[PDB]
Structures are given as C-alpha cells and as structure tokens.
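Okay, so here's just one chain, in structure tokens, the form deposited in one PDB entry.
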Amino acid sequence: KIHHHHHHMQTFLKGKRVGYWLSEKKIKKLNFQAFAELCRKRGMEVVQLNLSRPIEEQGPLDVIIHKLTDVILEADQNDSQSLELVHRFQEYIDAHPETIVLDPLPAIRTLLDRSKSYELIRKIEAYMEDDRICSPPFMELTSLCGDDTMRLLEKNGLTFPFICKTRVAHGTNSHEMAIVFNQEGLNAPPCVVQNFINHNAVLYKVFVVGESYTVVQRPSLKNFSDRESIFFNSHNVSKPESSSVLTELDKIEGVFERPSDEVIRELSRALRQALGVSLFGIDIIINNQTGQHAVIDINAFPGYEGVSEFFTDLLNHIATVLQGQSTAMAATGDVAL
C-alpha cells in the first residue's frame, strides 16, 4: 500500500552533478556529508559550492540544493558581502536554466516575511475551500501601539489572545514572540500579530521533501485574561527536547485529533505548486474549538529533526525533479486542485 516508487527514476541519477550551498552549521546539523555519500553510491557527483568563486568552473551542475535564506536576509539589509554572493548565484542561475534549483530564490523570498507568507497561505486556503482548514486572522502592525490600535485589530479580526512575531521569518532576531491577552498588554511593534489558537499543546511539524512528507509531533504552547503579556523565544518552545511551563498542558480541552493526511496532501501540493518550494516545513496545529487545521508557521529548508527518512526522501526528490525536467513536466495555468 505504498504505490509510488522511485527505483526506475533513480536509474537516471548516474553521472548527474549536484552543487550545494549550506552554512557550515547547517552542514553539521544535517550531517550533510552522509547525504553526499548516499548520492555517490548512485553514481552522482556532489560538490559543495563556494559562492566567492566563479561558479562556471564549479559546474556543470544539474541540480543545486541550497539554503541561502540568511544570506538573502543579510543582502536585504545591504550587507555588501551577502549581496555579492547572491548576485553571483543569481547571475549563474540566470545563465543556466538547465540547472534545477532547490529551491528557486523567488520561492524562498516568499517565506522570508511572515506577513507575506501568512497571506499566501490564506489565499491558497481560500482557493482550496476545505472546511477542515482555517487561517488564523493576522496582520502586520507597523506603528507603536496607541489610541487606534484596538480598532485596527478589531477590523482585521484580531482577538485576544494573539501572538506577536517578527516580520522577518528566520535568523537572528526572528524568534522573540509575545502573547497579548488584553488591552493593557498592548506595549508588546513592528511585528506580525496572529490570533492564538488553543490546540492542546501539540504541534504537528509537517516536514516536506517534495513529493513526500513526514509529520513530527513537537511540544507546543499550552491552552489559555487580566494577565501580563507573555514574552518567550521560540527556540525554547517546540524543539524535540523542549520543556517549560509554557508548553505544559493543564488538561485536554475540546477537539483533540491528529491532522488529516488528506488535508496535509492538499496543502503540500498547493504550497509546492503555487510557491515553487519543495524543501520546507509547515507547522500545523489542530484548533480545539473547530478541529480545523491551522498553519501557524512555514519554513524554508528546516532542520528535519525526527525525519529519519530525510536522506532517502531528498534523493527521491532529486530523482523526481530530474525526471520532470527530462520529460518537460512543467506546470501550466493555475494550481490544479
């Protein structure tokens, strides 16, 4: 009852060349060298790219795998070195349409800004019109709180409690968040605000590798107010070993179910097809009042901690994308639901 296989498309991996750009920290966390070993066994060449060096000489490349997210974010902040790297990368990609990029920079850029990403998820969900899915109201606050803040929140469907997150979606200075419970709590901007959804303190990290995904359960904020706003760093909340009073559920309340694979599949397809990403995660929580799936976070090329099949899935996705290119499997028109 696994019906999709890759043995045949894996036969074309021989002689293919894969370039990757990952930070040394990410190479370590992934044990990416072990993936490189796996590919060599199928007759692939894998090489780490150096974006300080002309890229022509480093190719030909059939595929590039990267996580340039933070270099892009630095280049956005006018870091001269990062700009140089991105320009070089971009020049090369532009010159080599035959090179499959996992994932395209336009796709990456969508996930760099929380508000933009949440709006894309909202639009995608409106298009899918599945009553099993909900988009928590969200908005971006740019001005410091004041006399009009309450009415601004209200007209955008923001309610207490809501969680405050940075607009920048990754890197240094992206993990500090707040939960605001009442009007007095409104000193906690700029930031994105998103209605807090009680979900019985279980996060379902959907780790997507192209055509396959793995769901990994993580600790998550408890259910919840004259109380002081809560400030926390998301590093401390939803890691495998995370444990704190913020994630200790008092008791199961309301609807408590696991996510629907049918729903995850439709979300995965729609996000992949609309945005062009393939190596990403979406964080799903199950609303305890409605049972609906809420996507509260989307991340380009995350850690995949707990995804033991990550390497074989990655290899299968490289085989698939090569198969797609070889047979001109380009999508046309709108996302086909």
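Rigid core: the largest C-alpha set superposing within 1.5 Å between the two forms. A residue's number is simply how far along the shown sequence it sits, counting from 1.
The form deposited in another entry is left out here; the points below concern that form.
Rigid core fit then residue 114 CA moved by 2 Å or more between this form and the one not shown: No; residue 114 is a residue whose C-alpha shifts by less than 2 Å between this form and the one not shown when the cores are overlaid.
State yes or no: after fitting on the rigid core, is the Cα displacement of residue 259 between this form and the one not shown at least 2 Å? Yes; residue 259 is a residue whose C-alpha shifts (by 2 Å or more) between this form and the one not shown when the cores are overlaid.
Does residue 180 count as moved between this form and the one not shown, where moved means a C-alpha shift of 2 angstroms or more after fitting the rigid core? Shift of 2 Å or more: yes.
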